[PDB]
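This is final38.cif (mmCIF, N, CA and C atoms and all ligand atoms).
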data_data
loop_
_atom_site.label_atom_id
_atom_site.label_comp_id
_atom_site.auth_asym_id
_atom_site.auth_seq_id
_atom_site.Cartn_x
_atom_site.Cartn_y
_atom_site.Cartn_z
N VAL A 786 87.75 171.04 62.73
CA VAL A 786 88.27 172.41 62.69
C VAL A 786 88.15 172.91 61.26
N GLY A 787 87.17 173.78 61.01
CA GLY A 787 86.69 173.96 59.64
C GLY A 787 86.23 172.61 59.09
N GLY A 788 86.71 172.24 57.90
CA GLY A 788 86.41 170.96 57.27
C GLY A 788 87.30 169.77 57.66
N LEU A 789 88.27 169.92 58.58
CA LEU A 789 89.29 168.90 58.85
C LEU A 789 89.15 168.26 60.24
N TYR A 790 89.47 166.98 60.35
CA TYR A 790 89.44 166.22 61.61
C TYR A 790 90.85 165.81 62.04
N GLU A 791 91.12 165.72 63.34
CA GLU A 791 92.38 165.19 63.86
C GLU A 791 92.40 163.66 63.86
N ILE A 792 93.37 163.05 63.18
CA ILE A 792 93.55 161.60 63.10
C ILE A 792 95.00 161.25 63.41
N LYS A 793 95.23 160.19 64.18
CA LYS A 793 96.56 159.57 64.28
C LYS A 793 96.77 158.60 63.13
N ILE A 794 97.70 158.89 62.24
CA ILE A 794 98.12 158.00 61.14
C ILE A 794 99.48 157.40 61.50
N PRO A 795 99.71 156.09 61.33
CA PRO A 795 101.01 155.48 61.57
C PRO A 795 102.13 156.12 60.75
N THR A 796 103.29 156.35 61.35
CA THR A 796 104.51 156.78 60.66
C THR A 796 105.55 155.69 60.54
N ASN A 797 105.40 154.59 61.28
CA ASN A 797 106.29 153.45 61.20
C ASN A 797 105.51 152.18 61.54
N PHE A 798 106.01 151.00 61.17
CA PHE A 798 105.30 149.74 61.37
C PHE A 798 106.25 148.55 61.45
N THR A 799 105.71 147.43 61.92
CA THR A 799 106.36 146.13 61.92
C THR A 799 105.34 145.05 61.58
N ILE A 800 105.80 143.84 61.33
CA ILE A 800 104.92 142.68 61.15
C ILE A 800 104.94 141.88 62.45
N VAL A 801 103.77 141.50 62.95
CA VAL A 801 103.65 140.65 64.14
C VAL A 801 103.04 139.32 63.77
N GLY A 802 103.49 138.26 64.42
CA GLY A 802 102.95 136.92 64.25
C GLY A 802 102.00 136.58 65.39
N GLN A 803 100.96 135.81 65.11
CA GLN A 803 100.04 135.30 66.12
C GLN A 803 99.74 133.83 65.85
N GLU A 804 99.87 132.98 66.85
CA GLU A 804 99.55 131.55 66.76
C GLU A 804 98.06 131.31 66.98
N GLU A 805 97.49 130.33 66.30
CA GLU A 805 96.13 129.86 66.59
C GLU A 805 96.05 128.36 66.35
N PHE A 806 95.97 127.57 67.42
CA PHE A 806 95.66 126.15 67.30
C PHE A 806 94.17 125.95 67.12
N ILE A 807 93.76 125.17 66.13
CA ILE A 807 92.38 124.72 65.97
C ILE A 807 92.35 123.20 66.01
N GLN A 808 91.61 122.63 66.96
CA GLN A 808 91.44 121.19 67.04
C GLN A 808 90.61 120.70 65.86
N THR A 809 91.06 119.65 65.19
CA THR A 809 90.33 119.02 64.07
C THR A 809 90.11 117.53 64.27
N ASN A 810 90.72 116.95 65.30
CA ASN A 810 90.67 115.52 65.58
C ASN A 810 90.63 115.29 67.09
N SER A 811 90.41 114.06 67.54
CA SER A 811 90.52 113.69 68.95
C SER A 811 90.93 112.22 69.07
N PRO A 812 91.46 111.77 70.22
CA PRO A 812 91.74 110.37 70.44
C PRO A 812 90.53 109.47 70.13
N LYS A 813 90.67 108.51 69.21
CA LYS A 813 89.63 107.54 68.87
C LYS A 813 89.47 106.51 69.98
N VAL A 814 88.70 106.82 71.01
CA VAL A 814 88.43 105.88 72.10
C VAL A 814 87.58 104.73 71.59
N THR A 815 87.93 103.51 71.96
CA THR A 815 87.14 102.30 71.72
C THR A 815 87.00 101.52 73.01
N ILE A 816 85.81 100.99 73.26
CA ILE A 816 85.48 100.24 74.47
C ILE A 816 85.05 98.83 74.07
N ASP A 817 85.62 97.78 74.65
CA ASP A 817 84.95 96.48 74.65
C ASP A 817 83.97 96.42 75.82
N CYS A 818 82.69 96.66 75.55
CA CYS A 818 81.66 96.65 76.58
C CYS A 818 81.64 95.35 77.38
N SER A 819 81.84 94.20 76.75
CA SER A 819 81.82 92.92 77.45
C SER A 819 83.02 92.79 78.39
N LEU A 820 84.22 93.14 77.95
CA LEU A 820 85.42 93.05 78.77
C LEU A 820 85.41 94.09 79.89
N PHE A 821 84.90 95.29 79.64
CA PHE A 821 84.76 96.32 80.66
C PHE A 821 83.75 95.90 81.73
N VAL A 822 82.54 95.50 81.34
CA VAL A 822 81.49 95.18 82.31
C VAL A 822 81.83 93.92 83.11
N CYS A 823 82.29 92.85 82.45
CA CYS A 823 82.43 91.53 83.08
C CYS A 823 83.85 90.98 83.24
N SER A 824 84.88 91.59 82.67
CA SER A 824 86.24 91.03 82.72
C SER A 824 86.25 89.55 82.26
N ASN A 825 87.00 88.68 82.93
CA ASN A 825 87.16 87.28 82.59
C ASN A 825 86.02 86.35 83.11
N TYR A 826 85.03 86.87 83.84
CA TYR A 826 84.12 86.05 84.65
C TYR A 826 82.91 85.51 83.90
N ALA A 827 82.85 84.20 83.70
CA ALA A 827 81.76 83.54 82.97
C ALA A 827 80.38 83.80 83.57
N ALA A 828 80.25 83.76 84.90
CA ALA A 828 78.98 84.03 85.57
C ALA A 828 78.45 85.44 85.28
N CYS A 829 79.33 86.42 85.11
CA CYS A 829 78.93 87.75 84.69
C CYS A 829 78.54 87.77 83.21
N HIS A 830 79.32 87.16 82.32
CA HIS A 830 78.98 87.13 80.89
C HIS A 830 77.62 86.51 80.63
N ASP A 831 77.26 85.47 81.37
CA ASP A 831 75.93 84.88 81.30
C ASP A 831 74.84 85.91 81.62
N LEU A 832 74.93 86.60 82.76
CA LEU A 832 73.93 87.61 83.15
C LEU A 832 73.92 88.80 82.19
N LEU A 833 75.08 89.25 81.73
CA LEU A 833 75.18 90.35 80.77
C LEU A 833 74.48 90.00 79.46
N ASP B 305 86.48 94.61 65.40
CA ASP B 305 87.17 94.42 66.68
C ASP B 305 86.48 93.30 67.45
N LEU B 306 87.10 92.13 67.48
CA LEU B 306 86.53 90.95 68.13
C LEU B 306 86.47 91.11 69.65
N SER B 307 85.74 90.23 70.32
CA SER B 307 85.63 90.22 71.78
C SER B 307 86.99 89.96 72.42
N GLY B 308 87.24 90.61 73.55
CA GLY B 308 88.52 90.54 74.23
C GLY B 308 88.82 89.14 74.76
N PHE B 309 90.02 88.64 74.49
CA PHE B 309 90.55 87.44 75.12
C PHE B 309 91.39 87.79 76.36
N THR B 310 91.76 86.78 77.14
CA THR B 310 92.74 86.88 78.23
C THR B 310 93.67 85.68 78.14
N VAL B 311 94.98 85.86 78.35
CA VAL B 311 95.91 84.73 78.30
C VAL B 311 95.55 83.69 79.37
N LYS B 312 95.57 82.41 79.02
CA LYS B 312 95.22 81.35 79.98
C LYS B 312 96.33 81.19 81.02
N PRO B 313 96.00 80.95 82.30
CA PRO B 313 97.01 80.69 83.31
C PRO B 313 97.69 79.35 83.04
N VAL B 314 99.02 79.32 83.03
CA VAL B 314 99.79 78.11 82.70
C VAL B 314 100.07 77.22 83.90
N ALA B 315 99.88 77.73 85.12
CA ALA B 315 100.16 77.05 86.38
C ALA B 315 99.27 77.60 87.50
N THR B 316 99.25 76.91 88.64
CA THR B 316 98.54 77.36 89.85
C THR B 316 99.51 77.57 91.01
N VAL B 317 99.46 78.75 91.63
CA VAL B 317 100.21 79.05 92.85
C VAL B 317 99.28 78.90 94.05
N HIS B 318 99.55 77.95 94.93
CA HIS B 318 98.79 77.76 96.16
C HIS B 318 99.72 77.90 97.35
N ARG B 319 99.42 78.82 98.27
CA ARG B 319 100.23 79.06 99.48
C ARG B 319 99.35 79.00 100.72
N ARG B 320 99.82 78.28 101.73
CA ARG B 320 99.24 78.12 103.07
C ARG B 320 100.37 78.03 104.08
N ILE B 321 100.17 78.50 105.31
CA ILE B 321 101.18 78.32 106.35
C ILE B 321 101.18 76.83 106.76
N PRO B 322 102.31 76.13 106.73
CA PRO B 322 102.36 74.70 107.03
C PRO B 322 102.37 74.44 108.54
N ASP B 323 102.10 73.19 108.93
CA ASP B 323 102.29 72.68 110.29
C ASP B 323 101.47 73.37 111.40
N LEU B 324 100.43 74.12 111.04
CA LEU B 324 99.49 74.67 112.01
C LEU B 324 98.71 73.56 112.73
N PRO B 325 98.39 73.71 114.02
CA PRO B 325 97.63 72.72 114.77
C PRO B 325 96.17 72.66 114.33
N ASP B 326 95.46 71.60 114.69
CA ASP B 326 94.01 71.52 114.49
C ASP B 326 93.27 72.49 115.41
N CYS B 327 92.15 73.04 114.95
CA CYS B 327 91.37 74.00 115.73
C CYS B 327 90.58 73.37 116.89
N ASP B 328 90.33 72.05 116.89
CA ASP B 328 89.56 71.34 117.93
C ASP B 328 88.14 71.89 118.18
N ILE B 329 87.52 72.50 117.17
CA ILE B 329 86.23 73.18 117.32
C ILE B 329 85.16 72.21 117.85
N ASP B 330 85.17 70.96 117.40
CA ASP B 330 84.25 69.93 117.86
C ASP B 330 84.41 69.65 119.36
N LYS B 331 85.63 69.67 119.91
CA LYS B 331 85.84 69.40 121.34
C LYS B 331 85.20 70.47 122.20
N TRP B 332 85.25 71.72 121.75
CA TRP B 332 84.62 72.82 122.46
C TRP B 332 83.10 72.80 122.29
N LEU B 333 82.59 72.54 121.09
CA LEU B 333 81.15 72.42 120.88
C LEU B 333 80.53 71.23 121.61
N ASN B 334 81.22 70.09 121.69
CA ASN B 334 80.72 68.89 122.38
C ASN B 334 80.96 68.90 123.90
N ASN B 335 81.52 69.97 124.47
CA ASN B 335 81.74 70.05 125.91
C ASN B 335 80.39 70.04 126.66
N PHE B 336 80.19 69.09 127.57
CA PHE B 336 78.89 68.88 128.23
C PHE B 336 78.46 69.99 129.21
N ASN B 337 79.35 70.92 129.58
CA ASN B 337 79.02 72.03 130.47
C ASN B 337 78.42 73.23 129.71
N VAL B 338 77.28 73.03 129.06
CA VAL B 338 76.69 73.99 128.11
C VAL B 338 76.16 75.25 128.80
N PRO B 339 76.49 76.47 128.35
CA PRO B 339 75.98 77.71 128.93
C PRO B 339 74.56 78.04 128.47
N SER B 340 73.83 78.83 129.24
CA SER B 340 72.53 79.38 128.83
C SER B 340 72.69 80.59 127.90
N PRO B 341 71.64 81.04 127.19
CA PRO B 341 71.70 82.27 126.42
C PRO B 341 72.09 83.47 127.27
N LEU B 342 71.75 83.53 128.56
CA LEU B 342 72.11 84.67 129.39
C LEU B 342 73.63 84.85 129.50
N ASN B 343 74.37 83.75 129.61
CA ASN B 343 75.82 83.74 129.79
C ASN B 343 76.53 83.05 128.63
N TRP B 344 76.04 83.26 127.40
CA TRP B 344 76.59 82.64 126.19
C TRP B 344 78.11 82.79 126.12
N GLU B 345 78.80 81.71 125.82
CA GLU B 345 80.26 81.68 125.80
C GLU B 345 80.80 81.93 124.39
N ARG B 346 81.99 82.53 124.29
CA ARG B 346 82.73 82.75 123.05
C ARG B 346 84.06 82.03 123.08
N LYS B 347 84.48 81.46 121.96
CA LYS B 347 85.86 81.02 121.72
C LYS B 347 86.34 81.53 120.37
N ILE B 348 87.60 81.95 120.30
CA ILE B 348 88.20 82.52 119.10
C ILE B 348 89.24 81.55 118.56
N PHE B 349 89.13 81.16 117.29
CA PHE B 349 90.05 80.24 116.64
C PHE B 349 90.87 80.96 115.58
N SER B 350 92.19 80.94 115.73
CA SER B 350 93.14 81.52 114.78
C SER B 350 94.44 80.73 114.75
N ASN B 351 95.19 80.84 113.65
CA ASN B 351 96.42 80.07 113.42
C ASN B 351 96.22 78.56 113.59
N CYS B 352 95.15 78.01 113.02
CA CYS B 352 94.82 76.60 113.10
C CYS B 352 94.08 76.13 111.84
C1 LIG C 901 110.90 152.20 62.47
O1 LIG C 901 111.00 151.40 63.69
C2 LIG C 901 112.23 150.58 63.83
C3 LIG C 901 112.18 149.89 65.20
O2 LIG C 901 111.90 150.87 66.23
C4 LIG C 901 113.47 151.46 63.64
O3 LIG C 901 114.64 150.62 63.55
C5 LIG C 901 113.40 152.26 62.33
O4 LIG C 901 114.58 153.10 62.22
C6 LIG C 901 112.13 153.11 62.30
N1 LIG C 901 112.02 153.84 61.03
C7 LIG C 901 111.51 155.07 60.96
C8 LIG C 901 111.40 155.67 59.56
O5 LIG C 901 111.14 155.68 61.97
#
Using structure tokens, write down the structure that the file contains.
Amino acid sequence: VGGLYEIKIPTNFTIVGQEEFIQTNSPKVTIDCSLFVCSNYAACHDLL
Amino acid sequence: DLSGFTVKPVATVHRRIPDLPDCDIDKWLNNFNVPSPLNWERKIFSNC
């Protein structure tokens, strides 16, 4: 309108909080391949 | 991380139903009235 534009400017405000979880680690899984594949069985450990 | 061990069994548990009769399987197999393949006979042995 002439040289001027209509703008909504804030007249009041507050502070808002926002949470953000970022994963940086995970459970350190470890496998005993021999115990998993063959358990206690000697005949399996031989073939493995 | 060394290979997985298992605790050694310290005793043996053996269970069987006592005082069951003999199955007599030989008496039935040695019976001289032998059937042909056409009329092959069956016997079922349990609790013996
Ligand atoms: C701003 O907003 C808060 C919450 O609605 C209110 O308590 C406060 O009086 C307001 N201030 C003005 C200048 O409007």
Anything within 12 Å of (79.9, 94.9, 79.0): list those residues as a PDB file with N, CA and C atoms, keeping the file's coordinate frame, counting only C-alpha atoms and sticking to the file's coordinates.
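Listed below is the output, part.pdb:
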ATOM      1  N   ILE A 816      85.810 100.990  73.260  1.00  0.00           N
ATOM      2  CA  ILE A 816      85.480 100.240  74.470  1.00  0.00           C
ATOM      3  C   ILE A 816      85.050  98.830  74.070  1.00  0.00           C
ATOM      4  N   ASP A 817      85.620  97.780  74.650  1.00  0.00           N
ATOM      5  CA  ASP A 817      84.950  96.480  74.650  1.00  0.00           C
ATOM      6  C   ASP A 817      83.970  96.420  75.820  1.00  0.00           C
ATOM      7  N   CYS A 818      82.690  96.660  75.550  1.00  0.00           N
ATOM      8  CA  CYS A 818      81.660  96.650  76.580  1.00  0.00           C
ATOM      9  C   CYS A 818      81.640  95.350  77.380  1.00  0.00           C
ATOM     10  N   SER A 819      81.840  94.200  76.750  1.00  0.00           N
ATOM     11  CA  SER A 819      81.820  92.920  77.450  1.00  0.00           C
ATOM     12  C   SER A 819      83.020  92.790  78.390  1.00  0.00           C
ATOM     13  N   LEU A 820      84.220  93.140  77.950  1.00  0.00           N
ATOM     14  CA  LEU A 820      85.420  93.050  78.770  1.00  0.00           C
ATOM     15  C   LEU A 820      85.410  94.090  79.890  1.00  0.00           C
ATOM     16  N   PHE A 821      84.900  95.290  79.640  1.00  0.00           N
ATOM     17  CA  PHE A 821      84.760  96.320  80.660  1.00  0.00           C
ATOM     18  C   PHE A 821      83.750  95.900  81.730  1.00  0.00           C
ATOM     19  N   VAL A 822      82.540  95.500  81.340  1.00  0.00           N
ATOM     20  CA  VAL A 822      81.490  95.180  82.310  1.00  0.00           C
ATOM     21  C   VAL A 822      81.830  93.920  83.110  1.00  0.00           C
ATOM     22  N   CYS A 823      82.290  92.850  82.450  1.00  0.00           N
ATOM     23  CA  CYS A 823      82.430  91.530  83.080  1.00  0.00           C
ATOM     24  C   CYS A 823      83.850  90.980  83.240  1.00  0.00           C
ATOM     25  N   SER A 824      84.880  91.590  82.670  1.00  0.00           N
ATOM     26  CA  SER A 824      86.240  91.030  82.720  1.00  0.00           C
ATOM     27  C   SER A 824      86.250  89.550  82.260  1.00  0.00           C
ATOM     28  N   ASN A 825      87.000  88.680  82.930  1.00  0.00           N
ATOM     29  CA  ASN A 825      87.160  87.280  82.590  1.00  0.00           C
ATOM     30  C   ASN A 825      86.020  86.350  83.110  1.00  0.00           C
ATOM     31  N   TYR A 826      85.030  86.870  83.840  1.00  0.00           N
ATOM     32  CA  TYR A 826      84.120  86.050  84.650  1.00  0.00           C
ATOM     33  C   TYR A 826      82.910  85.510  83.900  1.00  0.00           C
ATOM     34  N   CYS A 829      79.330  86.420  85.110  1.00  0.00           N
ATOM     35  CA  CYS A 829      78.930  87.750  84.690  1.00  0.00           C
ATOM     36  C   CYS A 829      78.540  87.770  83.210  1.00  0.00           C
ATOM     37  N   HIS A 830      79.320  87.160  82.320  1.00  0.00           N
ATOM     38  CA  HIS A 830      78.980  87.130  80.890  1.00  0.00           C
ATOM     39  C   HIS A 830      77.620  86.510  80.630  1.00  0.00           C
ATOM     40  N   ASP A 831      77.260  85.470  81.370  1.00  0.00           N
ATOM     41  CA  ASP A 831      75.930  84.880  81.300  1.00  0.00           C
ATOM     42  C   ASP A 831      74.840  85.910  81.620  1.00  0.00           C
ATOM     43  N   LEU A 832      74.930  86.600  82.760  1.00  0.00           N
ATOM     44  CA  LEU A 832      73.930  87.610  83.150  1.00  0.00           C
ATOM     45  C   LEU A 832      73.920  88.800  82.190  1.00  0.00           C
ATOM     46  N   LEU A 833      75.080  89.250  81.730  1.00  0.00           N
ATOM     47  CA  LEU A 833      75.180  90.350  80.770  1.00  0.00           C
ATOM     48  C   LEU A 833      74.480  90.000  79.460  1.00  0.00           C
TER      49      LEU A 833
ATOM     50  N   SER B 307      85.740  90.230  70.320  1.00  0.00           N
ATOM     51  CA  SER B 307      85.630  90.220  71.780  1.00  0.00           C
ATOM     52  C   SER B 307      86.990  89.960  72.420  1.00  0.00           C
ATOM     53  N   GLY B 308      87.240  90.610  73.550  1.00  0.00           N
ATOM     54  CA  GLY B 308      88.520  90.540  74.230  1.00  0.00           C
ATOM     55  C   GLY B 308      88.820  89.140  74.760  1.00  0.00           C
TER      56      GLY B 308
END
How would you report the residues lying within 8 Å of ligand LIG 901 (chain C), as a ChimeraX atom specification, if you count only C-alpha atoms and all ligand atoms? /A:796-799
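Separating CA of residue 338 in chain B from CA of residue 352 in chain B is a distance of 23.7 Å.
For the pair atom C of residue 324 in chain B and CA of residue 348 in chain B, the interatomic distance is 15.2 Å.
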Where does chain B meet chain A within 12 Å, residue by residue, with the nearest atom pair and distance in Å to one decimal for each, counting only C-alpha atoms, listed by chain and rising number, as a tab-separated table?
residue	atom	partner	partner_atom	distance
B:305	CA	A:817	CA	8.5
B:306	CA	A:817	CA	8.7
B:307	CA	A:817	CA	6.9
B:308	CA	A:820	CA	6.0
B:309	CA	A:825	CA	8.2
B:310	CA	A:825	CA	7.1
B:311	CA	A:825	CA	10.1
B:312	CA	A:825	CA	10.3
B:313	CA	A:825	CA	11.9
Helix (DSSP H, G or I) per DSSP on the backbone: members of chain B, as JSON, numbers by chain: {"B": [329, 330, 331, 332, 333, 341, 342, 343]}
Report the distance between CA of residue 323 in chain B and atom N of residue 347 in chain B in Å, rounded to one decimal place. 23.0 Å
